[PDB]
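Q: Here it is, the structure, as C-alpha cells.
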Amino acid sequence: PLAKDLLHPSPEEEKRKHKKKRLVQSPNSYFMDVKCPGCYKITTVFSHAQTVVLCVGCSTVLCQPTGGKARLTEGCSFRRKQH
Amino acid sequence: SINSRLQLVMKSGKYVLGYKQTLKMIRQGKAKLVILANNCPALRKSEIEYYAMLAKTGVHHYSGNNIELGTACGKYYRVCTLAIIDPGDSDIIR
Amino acid sequence: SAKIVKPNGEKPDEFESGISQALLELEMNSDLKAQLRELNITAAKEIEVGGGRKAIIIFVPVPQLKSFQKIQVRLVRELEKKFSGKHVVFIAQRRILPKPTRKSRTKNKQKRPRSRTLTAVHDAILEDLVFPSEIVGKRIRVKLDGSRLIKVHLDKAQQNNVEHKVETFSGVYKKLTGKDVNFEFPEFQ
Amino acid sequence: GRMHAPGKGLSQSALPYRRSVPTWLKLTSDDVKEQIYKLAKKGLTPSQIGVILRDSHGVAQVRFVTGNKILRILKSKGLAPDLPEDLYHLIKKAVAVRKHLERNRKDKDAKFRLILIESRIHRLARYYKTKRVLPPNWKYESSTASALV
Amino acid sequence: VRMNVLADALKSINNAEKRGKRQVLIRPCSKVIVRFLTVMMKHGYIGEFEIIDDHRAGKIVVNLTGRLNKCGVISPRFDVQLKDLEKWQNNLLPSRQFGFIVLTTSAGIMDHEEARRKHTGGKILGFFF
Ligand SMILES: [Mg+2]
C-alpha cells in the first residue's frame, strides 16, 4: 500500500511468489549430487526428475518420480549448494 | 507393445515380409523373430511355429489381423507373417 | 620478445611488446606452458581511471577467449604482480558491424548476425570483464536528465578477486563503449 | 488461455539470468553431442532426449552447453525424424481416437476430441508448409494417417 | 492477447496514479515504452523509472509522483499530417495550455511540440496531460 519498494524486495517475499511472478524470473528447482549406500559413485540428479534415475553402477534405483520433487530411495543423501 | 519397437525396426533394421522369404530366412537361420499375426490360418501358424522352433527362433502371435501389422510395419498393406533379421537400436529382441 | 604473440596488423611496440614479453616470460614456467603456446593476443591499451591508478586492458581474438578463461586467474595473478601498480583484465576483440539502414543499404552484404550486432557486443564485453564474478542480473536506471546508468549485479564466488577492481570496470567500458556503470554485491536465491 | 479449452492455466518452465555452464559439469560440448547422438540413435524424441539428459545425467540445457539446440544437433547429422515430433504426437493421438470411435460409434465426446485434434493438426501443418519443413502437398488423410505413424 | 504493449502498460500507470500508488512495474516492457516514458520524464509527468532486465522481455519500475492525471493510447496509430495535428490536440487534450500528444516521426519519438519545432508529422501513439 502506497510504498512497496518493488525493485529491492526482501528475500523472503520472492520465495512466497510463483516462479514467473518474481521481479526476475528464476526457477524453484535444483540438482543434487547423490551418494546412495552401495557405490561411492555420485550421480547428478535433478530434483524434479520425470524419469527413474538409475545408478552409474547398476543394481540400485535412486529416484522414483512423483508429482513435484523426486522420491529418493530409502537411504541416500544429496547436495544443493552451488551457483 | 510391439507397435513402437516394430516401427523402429522398419526404419533402422532389416526384414522380410510375409512368407516364403520369411520361411527362407528361417531355412537360412538368419531370422530370429518371426512375427505371425492372428488370421494366419492355423496350418501356417503351426508349420511356421514348428518350422521356427526347430531353428531356435522366437515367435510372436501379435494381437493383430494380417492388417494391424501392415499398418504397424509402416507398410500400407496386408502382411500376415514377417521375420526380423537384424534390429536397429530397437530392443524388440530379448 | 614482442611481436610473436600479438599478430593482427597492429604492431605499435610500446606496451604491446612489454606485455607480450611478460606472456613470453610466463612460458619460462612449469605447467603454465603449452596451453599458453596456442594462445595469442591482438592489441592492448593503458587506460587511466578516476581514482588515478590506471589499468591495462588486453584484447583477445575471440575463439581463444574460451581458452583464456581457463588460464585468466592464474595469468592475471602472475603478470599483475610482475607489471605492477596496475590492474589487468581480458576482453574479446569483437567486430561490431554497422546497422543496415536503407541509406546504408543492402547491395549484397552477408547477413549481420545478432552475435555481431551492437547490443550483443557491449553485453558480451561485460561477461569478459568480470570473468570471475559472473553476472546475476542487470537493472538500468534512467535519471531525470535522461542519462542511462546501468547497475550490474554480480554473484559472490570470486568476489574477493573482483571487489577491489570495480571502478576499473566503471572506467573500462567508458573508454570502450561509452556507458557509466557501478557494481552491486547482493542477496541469493 | 489455451487453444482449445476453457482452462486458463499457467505452469511452465523458467530459466535463471545465468546461462554460463554450472561447473559440476564435465562432458563439454562434444560429450553431450556424443550422448544426444546415442539416445536419438536408440530411438527417442528431441523432447525425450532433453529429459534423459537433465534428471539422470547433468545438462540443465543442451543449448547452453553446446552452441545450438537439440534438434539442430540431430538435423545437421541426419538423425532427425521424417516429420516434426511435435506433430506426429497429434497424428498418433488422432489415429488412437479414430480407432475406438470405429468400434464405439456413440462416443460424442471422442467426436470433438477427434475434430479438435484434427484441427490442431491442420493448424500446425500450415506453418510447417510456410516454414517449409514439410513439402507443400502433404495433407492429412484419415486412411493414410495410420500408416504415417 | 498482448496486441499493443503501450495500452497494456499505460493503463497500468494511469491506473496506479488514481489509487495514489507510489510506484509500479510494467510487465512486458519494450523500446517504445522506454522511449515514450522518457518523454513523460521531461515535462515532469513521472519520475525516474529503472528497467529490470529479465533476460527475455523486460520489466520497468516507474517512480510516479502525483502529477499524472491520465495517460492513454490511440490504438490504431493513425498517421498525423501536421495540418491535422491541431484538430487532434483540440479534441484529445484538456487545454491549449498543457497536455502532450506523444507521437513518432522521422526524427524519433517525441511530444507534439517537438514535432512542431522540427516541422514533421508522423504516427500518433498516445497522450498524457
Ligand atoms: Mg478458438
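Letters A, B, ... go to the chains of the C-alpha cells in the order shown; residues in each chain start at 1; ligands are counted from 1 in the same order.
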Using only C-alpha atoms, find which residues of chain D lie within 8 Å of chain A and jot them down as a PDB file with C-alpha atoms, in the first residue's frame.
A:
ATOM      1  CA  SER D  13       9.486 -23.854 -17.165  1.00  0.00           C
ATOM      2  CA  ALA D  14      11.593 -20.858 -16.201  1.00  0.00           C
ATOM      3  CA  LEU D  15      15.388 -20.396 -16.645  1.00  0.00           C
ATOM      4  CA  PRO D  16      17.614 -18.037 -14.493  1.00  0.00           C
ATOM      5  CA  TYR D  17      19.620 -14.896 -15.501  1.00  0.00           C
ATOM      6  CA  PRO D  22      27.344 -24.600 -13.922  1.00  0.00           C
ATOM      7  CA  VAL D  51      14.678 -35.164 -20.466  1.00  0.00           C
ATOM      8  CA  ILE D  52      17.132 -38.044 -20.036  1.00  0.00           C
ATOM      9  CA  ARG D  54      18.736 -33.462 -17.063  1.00  0.00           C
ATOM     10  CA  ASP D  55      17.321 -35.929 -14.439  1.00  0.00           C
ATOM     11  CA  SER D  56      19.828 -38.714 -14.513  1.00  0.00           C
ATOM     12  CA  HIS D  57      22.587 -37.052 -16.289  1.00  0.00           C
ATOM     13  CA  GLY D  58      23.701 -33.460 -15.890  1.00  0.00           C
TER      14      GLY D  58
END
Q: Please identify all polymer residues within 12 Å of stretch 71-73 of chain B, counting only C-alpha atoms, omitting same-chain residues fewer than 3 positions from it, and present them as an NGL selection string.
A: (:B and (1-11 or 13-18 or 35 or 37 or 62-68 or 76-84)) or (:D and (92 or 95 or 143-149))
Q: Keeping only C-alpha atoms, write the selected residues as a CSV table (one decimal), in the first residue's frame.
A:
chain,number,residue,atom,x,y,z
B,1,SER,CA,3.5,-53.1,-27.1
B,2,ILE,CA,5.0,-54.0,-30.4
B,3,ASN,CA,3.9,-51.1,-32.5
B,4,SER,CA,6.6,-48.8,-31.2
B,5,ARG,CA,9.5,-51.3,-31.3
B,6,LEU,CA,8.4,-52.7,-34.6
B,7,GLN,CA,8.1,-49.2,-36.2
B,8,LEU,CA,11.7,-48.6,-35.1
B,9,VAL,CA,13.0,-51.9,-36.7
B,10,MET,CA,11.4,-51.0,-40.0
B,11,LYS,CA,13.2,-47.7,-40.3
B,13,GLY,CA,16.9,-52.7,-39.0
B,14,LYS,CA,16.4,-55.5,-41.6
B,15,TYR,CA,13.4,-57.6,-42.5
B,16,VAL,CA,11.5,-59.8,-44.7
B,17,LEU,CA,7.7,-59.5,-45.1
B,18,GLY,CA,5.1,-62.2,-45.5
B,35,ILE,CA,6.0,-62.2,-36.1
B,37,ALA,CA,-0.4,-62.4,-36.7
B,62,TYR,CA,0.9,-60.4,-32.4
B,63,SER,CA,-2.6,-59.5,-31.3
B,64,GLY,CA,-3.2,-58.4,-34.9
B,65,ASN,CA,-5.1,-59.0,-38.2
B,66,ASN,CA,-2.9,-59.8,-41.2
B,67,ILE,CA,-3.7,-55.8,-41.3
B,68,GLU,CA,-2.8,-54.5,-37.8
B,76,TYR,CA,0.3,-49.7,-46.2
B,77,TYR,CA,-0.9,-53.2,-46.6
B,78,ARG,CA,-1.6,-56.9,-45.9
B,79,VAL,CA,1.2,-58.7,-44.0
B,80,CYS,CA,0.3,-61.9,-42.2
B,81,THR,CA,3.8,-63.0,-41.2
B,82,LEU,CA,7.1,-61.3,-41.0
B,83,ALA,CA,10.7,-62.2,-39.9
B,84,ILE,CA,13.1,-59.8,-38.3
D,92,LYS,CA,-0.6,-40.7,-33.4
D,95,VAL,CA,-5.3,-42.3,-35.0
D,143,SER,CA,-6.7,-43.6,-44.3
D,144,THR,CA,-3.1,-42.7,-44.9
D,145,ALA,CA,-2.6,-41.4,-41.3
D,146,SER,CA,-2.5,-44.8,-39.5
D,147,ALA,CA,0.4,-45.8,-41.8
D,148,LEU,CA,2.3,-42.5,-41.2
D,149,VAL,CA,2.8,-43.4,-37.5
Q: May I have the residues of chain E within 9 Å of chain C, counting only C-alpha atoms, written as a list in words?
A: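 Matching residues, ligands excluded from the count: residues 38, 41, 42, 44, 47, 48, 49, 50, 51, 52, 53, 54 and 55 of chain E.
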Q: Would you name the residues within 12 Å of ligand 1, counting only C-alpha atoms and all ligand atoms, and put them as a VMD selection string?
A: chain D and resid 1 to 6 116 119 to 120 123
Q: Extract, using only C-alpha atoms, all DNA, RNA and protein residues at most 7 Å from stretch 166-168 of chain C, discarding same-chain residues fewer than 5 positions from it, and format them as a PDB file with N, CA and C atoms, in the first residue's frame.
A:
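Okay, this is what ended up in selection11.pdb:
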ATOM      1  N   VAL C  49      41.881   5.748 -14.733  1.00  0.00           N
ATOM      2  CA  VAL C  49      40.556   5.770 -14.117  1.00  0.00           C
ATOM      3  C   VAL C  49      40.456   7.002 -13.217  1.00  0.00           C
ATOM      4  N   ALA C  55      44.686   1.067 -15.429  1.00  0.00           N
ATOM      5  CA  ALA C  55      44.527  -0.365 -15.683  1.00  0.00           C
ATOM      6  C   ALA C  55      44.912  -0.707 -17.107  1.00  0.00           C
ATOM      7  N   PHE C 183      28.715  -1.365  -9.684  1.00  0.00           N
ATOM      8  CA  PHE C 183      28.513  -2.813  -9.492  1.00  0.00           C
ATOM      9  C   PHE C 183      28.110  -3.156  -8.051  1.00  0.00           C
TER      10      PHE C 183
END
Q: Rounded to one decimal, what separation in Å do you get between atom CA of residue E:67 and atom CA of residue E:92?
A: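 Atom CA of residue E:67 sits 18.4 Å away from atom CA of residue E:92.
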Q: Give me the residues within 9 Å of residue E:112 as a ChimeraX atom specification, counting only C-alpha atoms and dropping any in the same chain fewer than 2 places off.
A: /E:85,89,100-103,110,114-117,121
Q: Restricting the output to N, CA and C atoms, write the selected residues as a PDB file, in the first residue's frame.
A:
ATOM      1  N   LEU E  85      -2.693  17.929 -36.887  1.00  0.00           N
ATOM      2  CA  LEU E  85      -2.143  17.966 -35.544  1.00  0.00           C
ATOM      3  C   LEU E  85      -2.905  18.882 -34.614  1.00  0.00           C
ATOM      4  N   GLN E  89      -5.081  17.807 -31.235  1.00  0.00           N
ATOM      5  CA  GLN E  89      -4.746  18.427 -29.955  1.00  0.00           C
ATOM      6  C   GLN E  89      -5.841  19.370 -29.465  1.00  0.00           C
ATOM      7  N   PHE E 100       0.112  16.703 -23.756  1.00  0.00           N
ATOM      8  CA  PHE E 100       1.190  16.290 -24.622  1.00  0.00           C
ATOM      9  C   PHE E 100       0.767  15.041 -25.385  1.00  0.00           C
ATOM     10  N   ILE E 101       0.638  15.169 -26.705  1.00  0.00           N
ATOM     11  CA  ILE E 101       0.397  14.041 -27.591  1.00  0.00           C
ATOM     12  C   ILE E 101       1.735  13.532 -28.015  1.00  0.00           C
ATOM     13  N   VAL E 102       2.126  12.424 -27.419  1.00  0.00           N
ATOM     14  CA  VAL E 102       3.338  11.732 -27.807  1.00  0.00           C
ATOM     15  C   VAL E 102       3.097  11.026 -29.146  1.00  0.00           C
ATOM     16  N   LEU E 103       3.983  11.255 -30.115  1.00  0.00           N
ATOM     17  CA  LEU E 103       3.900  10.592 -31.420  1.00  0.00           C
ATOM     18  C   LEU E 103       5.304  10.272 -31.967  1.00  0.00           C
ATOM     19  N   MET E 110       8.556  11.630 -29.711  1.00  0.00           N
ATOM     20  CA  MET E 110       8.525  12.922 -29.062  1.00  0.00           C
ATOM     21  C   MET E 110       7.124  13.451 -28.947  1.00  0.00           C
ATOM     22  N   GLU E 114       7.545  19.212 -30.064  1.00  0.00           N
ATOM     23  CA  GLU E 114       8.864  18.958 -30.680  1.00  0.00           C
ATOM     24  C   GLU E 114       8.800  18.505 -32.140  1.00  0.00           C
ATOM     25  N   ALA E 115       7.720  17.831 -32.512  1.00  0.00           N
ATOM     26  CA  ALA E 115       7.415  17.615 -33.916  1.00  0.00           C
ATOM     27  C   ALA E 115       7.055  18.918 -34.620  1.00  0.00           C
ATOM     28  N   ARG E 116       6.449  19.858 -33.908  1.00  0.00           N
ATOM     29  CA  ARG E 116       6.123  21.150 -34.494  1.00  0.00           C
ATOM     30  C   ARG E 116       7.335  22.087 -34.667  1.00  0.00           C
ATOM     31  N   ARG E 117       8.296  22.048 -33.738  1.00  0.00           N
ATOM     32  CA  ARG E 117       9.544  22.854 -33.854  1.00  0.00           C
ATOM     33  C   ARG E 117      10.331  22.365 -35.087  1.00  0.00           C
ATOM     34  N   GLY E 121       5.408  15.536 -39.399  1.00  0.00           N
ATOM     35  CA  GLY E 121       4.268  14.752 -38.920  1.00  0.00           C
ATOM     36  C   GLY E 121       4.714  13.332 -38.630  1.00  0.00           C
TER      37      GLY E 121
END
